[PDB]
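K.L.:
The structure that follows is given in the form of structure tokens.
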Amino acid sequence: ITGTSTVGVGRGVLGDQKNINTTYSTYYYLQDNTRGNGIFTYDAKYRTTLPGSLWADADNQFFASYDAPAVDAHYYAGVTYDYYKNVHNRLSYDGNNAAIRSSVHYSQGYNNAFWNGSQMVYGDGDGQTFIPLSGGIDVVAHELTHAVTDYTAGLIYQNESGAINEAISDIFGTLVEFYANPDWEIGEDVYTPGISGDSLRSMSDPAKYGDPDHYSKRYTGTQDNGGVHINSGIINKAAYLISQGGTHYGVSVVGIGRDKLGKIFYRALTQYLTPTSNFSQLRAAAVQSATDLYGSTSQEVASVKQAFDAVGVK
Ligand SMILES: [Ca+2]
Ligand SMILES: [Ca+2]
Ligand SMILES: [Ca+2]
Ligand SMILES: [Ca+2]
Ligand SMILES: [Zn+2]
């Protein structure tokens with residue numbers, strides 16, 4: 001853990017070569033000392049006990065297939081850190097350079113990734129529905145954004161507040177993807193290696209995969225903790241409209257770009273949203289955020305208003 005900072009090289013899940021910040025002490029550890037209190041990547045070794053062992057490597061080369069998820073987890077955690085630092089002046093997820101820890105090779109054939117309240121966890125996928133989810137920069141940013149949310153708004157993971165929590169992670173997950181071949185889809189890089197052109201969720205058109213793109217169409221049952229991954233499509237659609245514009249259900253929205261989208265939603269996240277905020281309170285938080293930044297008469301406030309009107313959120 002105490003060692004000499006250095007730079008290693010390896011290949012990611014998608015076979016792309018990347019340099020990665022490591023630490024040398026007998027072994028080369030996946031420990032990035034250049035970012036906050038450090039970014040640490042662990043090997044769970046197909047087990048479920050966490051975090052596992054700090055990834056140790058003999059030669060500082062990571063070209064083994066078994067290394068691939070660790071390379072991308074380590075690397076994309078760094079990119080996501082840079083994003084929040086450089087774009088939003090936030091230092092790590094807690095705002096005080098908290099150590100970012102990630103575990104890969106979690107369980108066997110685990111088709112999911114998550115923030116467990118203290119760290120990143122990535123499954124390898126079963127190789128048909130998913131390949132190792134570390135390969136998706138939007139996936140990585142999505143999960144770390146949960147840390148940001150938990151330390152700020154604190155949106156509980158249930159019903160509409162949970163839907164907002166999920167949406168925030170999709171939105172900033174996408175903005176990081178744009179920050180680093182970007183798009184307004186979620187997990188396309190790691191989802192379904194057999195079929196091309198699909199994804200887990202779409203922000204541009206949520207209904208593509210059965211998720212609501214309007215408040216009238218919202219899920220109200222009990223599964224998915226009240227549809228946190230489902231009803232997020234409603235907010236994801238609004239976020240997309242604010243950035244890219246377009247006409248949705250007859251309501252025209254003027255786009256203001258991704259950078260203003262990020263500034264608005266980040267401010268909403270950190271200044272106005274609470275653990276129990278619903279879509280309507282999010283709407284109000286976004287309108288006030290844009291008002292703070294750009295003025296009550298600005299096109300940015302109008303676009304946010306037209307966006308939530310478009311997805312039926314008053
Ligand atoms: Ca090696
Ligand atoms: Ca992409
Ligand atoms: Ca994407
Ligand atoms: Ca696919
Ligand atoms: Zn999530």
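Every residue, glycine as well, gets a Cβ built from its backbone with ideal geometry; the counts of neighbours run over all protein chains shown. Basis: the model, the stated rules and, where named, an outside source; none is laboratory data.
K.L.:
Of all residues in region 37-96, count the ones that are away from ligand 3 (no atom under 16 Å from the Cβ) and assigned to a helix (DSSP H, G or I).
P.N.:
As a first pass, look at region 37-96 and keep what is away from ligand 3 (no atom under 16 Å from the Cβ): 37-71, 73-75, 77-78, 81-82, 84-96.
Next, only the ones that are assigned to a helix (DSSP H, G or I) stay: 65-71, 73-75, 77-78, 81-82, 84-88.
So the answer is 19.
K.L.:
Look at region 189-224 and say how many of its residues are in a helix (DSSP H, G or I) and either within 16 Å of ligand 4 (Cβ to nearest atom) or under 19 Å from the mean Cα position of the chain (by Cα) (or both). Walk me through how you get there before you give the answer.
P.N.:
Let us first name the residues in region 189-224 that are in a helix (DSSP H, G or I), namely 206-209, 215-217, 223-224.
If we keep only those that are either within 16 Å of ligand 4 (Cβ to nearest atom) or under 19 Å from the mean Cα position of the chain (by Cα) (or both) too, we end up with 206, 208-209, 224.
Qualifying residue count for the region: 4.
K.L.:
Sticking with this one: Take the residues in region 1-35 that are of a type outside the set (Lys, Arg) and touching a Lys or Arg at 6+ places or on another chain (Cβ under 9 Å); name whichever of them is nearest to ligand 5 (Cβ to nearest atom). Don't jump to the end; show me each part of the working.
P.N.:
Going residue by residue through region 1-35, those that are of a type outside the set (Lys, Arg) are 1-10, 12-17, 19-34.
With the extra rule that they be touching a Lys or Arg at 6+ places or on another chain (Cβ under 9 Å), the set shrinks to 9-10, 12, 17, 21.
Details: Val9: 31, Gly10: 27, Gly12: 21, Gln17: 29, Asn21: 26 Å.
Taking the candidates together, the pick is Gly12.
K.L.:
Return yes or no: is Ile186 within 10 Å of the chain's Cα centre (by Cα), within 14 Å of ligand 4 (Cβ to nearest atom) and within 14 Å of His229 (Cβ to Cβ)?
P.N.:
The answer is yes for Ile186.
K.L.:
Next question, about the same structure. Out of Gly173, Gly210, which single residue is within 11 Å of ligand 3 (Cβ to nearest atom) and outside the structural domain of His88 (by CATH)? So that I can check it myself, show each step before the final result.
P.N.:
Values: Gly210 fails: within 11 Å of ligand 3 (Cβ to nearest atom).
Just a single option satisfies the conditions, and that option is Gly173.
K.L.:
Taking the condition of being buried (at least 22 other Cβ atoms within 10 Å of the Cβ) and away from ligand 2 (no atom under 14 Å from the Cβ), how many residues in region 148-187 meet it?
P.N.:
Total satisfying the criteria: 15.
K.L.:
If we scan region 126-140, do we find a residue that is assigned to a loop (DSSP other than H, G, I, E, B), within 16 Å of the chain's Cα centre (by Cα), within 17 Å of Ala68 (Cα to Cα) and not polar (S, T, N, Q)? Please lay out each step first, then the result.
P.N.:
Here is the first cut: in region 126-140, the ones assigned to a loop (DSSP other than H, G, I, E, B) are 126-129, 131-132, 136.
Filter once more, keeping what is within 16 Å of the chain's Cα centre (by Cα): 132, 136.
From what's left, within 17 Å of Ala68 (Cα to Cα): 132, 136.
Within this subset, residues satisfying the condition of being not polar (S, T, N, Q) are 132, 136.
Yes, region 126-140 has at least one match.
K.L.:
Which of the residues that make up region 1-52 are under 22 Å from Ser118 (Cβ atoms), surrounded by 18 or more Cβ atoms within 10 Å (Cβ to Cβ) and of a type in the set (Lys, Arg)?
P.N.:
Correct list: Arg35 only.
K.L.:
Being in contact with a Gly (Cβ under 6 Å, 6 or more places away or on another chain) and among the aromatic types (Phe, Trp, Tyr) is the filter here, so list the residues in region 35-61 that pass it.
P.N.:
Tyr42
K.L.:
Still on this structure, I have one more. Only residues that are of a type outside the set (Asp, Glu) and either within 9 Å of ligand 3 (Cβ to nearest atom) or buried (at least 20 other Cβ atoms within 10 Å of the Cβ) (or both): list them for region 188-202, please. Steps first, answer last, please.
P.N.:
Of all residues in region 188-202, those of a type outside the set (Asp, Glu) come to 190-197, 199-202.
Selection gives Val190, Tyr191, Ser199, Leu200, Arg201, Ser202.
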